[PDB]
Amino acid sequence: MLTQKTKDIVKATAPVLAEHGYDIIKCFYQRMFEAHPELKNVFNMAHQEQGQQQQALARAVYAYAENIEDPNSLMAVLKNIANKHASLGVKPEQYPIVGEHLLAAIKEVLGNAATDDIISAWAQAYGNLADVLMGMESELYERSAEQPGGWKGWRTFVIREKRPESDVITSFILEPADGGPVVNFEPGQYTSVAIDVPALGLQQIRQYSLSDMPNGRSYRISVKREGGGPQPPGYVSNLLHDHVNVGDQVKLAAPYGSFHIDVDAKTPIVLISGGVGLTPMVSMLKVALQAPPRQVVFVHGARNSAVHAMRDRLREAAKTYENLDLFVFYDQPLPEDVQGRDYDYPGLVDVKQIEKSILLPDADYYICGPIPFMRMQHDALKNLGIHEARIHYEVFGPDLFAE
């Protein structure tokens, strides 16, 4: 537990760590993987190769230092991290490993600036946080294990169905190879696919939102091909698209995540998604639609019809259910796409254009999609006067972003 003096050093030195983030990250991974190559099966080996994490790291040390006197705010984001670590299968015995290399890295990068006081302070902060996280991750592991259909670590699943949803998004329906029940989850939650990457000669792990409702038998994920156009292709998403088929096997983690609807609630929901960001919205849609009433506004932005996933299914849903409003935005509509017919509005999702349809009293708003899309939606919702507490978001990447 941290003395006042220790927290003050953290507050005074976080900028130094954030400034040297690139070199630290680079040194940390060089050291850790030399000591423990096997850890390369748990981390992302694309990472580009570390840029996104430097951003994450810079934001994370600042926010930590900015909230070190407020344990409640700190507990909340720790929960999101525990959930992500639980999904990856992070183990208490790995905490001393990360710690040594992180500290050895920080020390080697700061060199002369790495005083005893400073190294002592971040080392205590590493330990304080390690403790909290391990306890949270353990409690999450036990809760999955004990529930009907639950498990710890990886369970083998077989692909039963593989269906294209658009040019770029394909669904996979998964049943356990053992043939038993699967655990319940909250709409909005994710699994993690663990699979061997031939090009890498390594296992890689990626999160995917569970895109259908709980049924007790199977899970659905819906995967966007992260393809070419100067940028290198994604590892796992291309692998699922081209090389995984009906009858092949993957490993899955139990459902985790802190982004979801309260199923027992009867208050309304506004579901705002961009592109593949729709995947957890569909699960929330399908659940909320049973039980009086409940009231769902499904607001989706896509490029056009070619890349619009689940297009015919949502359209049919909007004419079968009185409690569902559908609003579709097309950013660059194809010539065969016609407004007032195949989509509602052109351009980006803009909540002002449907303001009275979305501002249901004491609603909950849920946002998923690319970061600038989420800032944009968050901002717009906040200019209508919705309380920060009523806006919920999930990042398809590290972070900690639109915090």
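Start at 1 and count along the sequence shown; that's the residue number.
- The stretch 228 to 236 shows the higher mean C-alpha B-factor when 228 to 236 is compared against 84 to 92 in the entry.
- According to the PDB record, 257 to 265 carries the higher mean C-alpha B-factor of the two stretches 120 to 128 and 257 to 265.
- In this entry, the residue among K251, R313, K152, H101 with the greatest C-alpha B factor is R313.
- Taking the PDB entry at face value, the top CA B factor among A306, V223, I106, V328 belongs to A306.
- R163: CA B factor in the highest third of modelled residues in this chain (values from the PDB entry).
- When the CA B factors of the chain's modelled residues are split into thirds, the value for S218 lands in the middle one.
- Remark: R143 belongs to the highest third of its chain, ranked by C-alpha B-factor as recorded.
- When the modelled residues of the chain are ordered by C-alpha B-factor, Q53 sits in the middle third.
- Per-chain ranking of the deposited C-alpha B factor places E38 in the lowest third.
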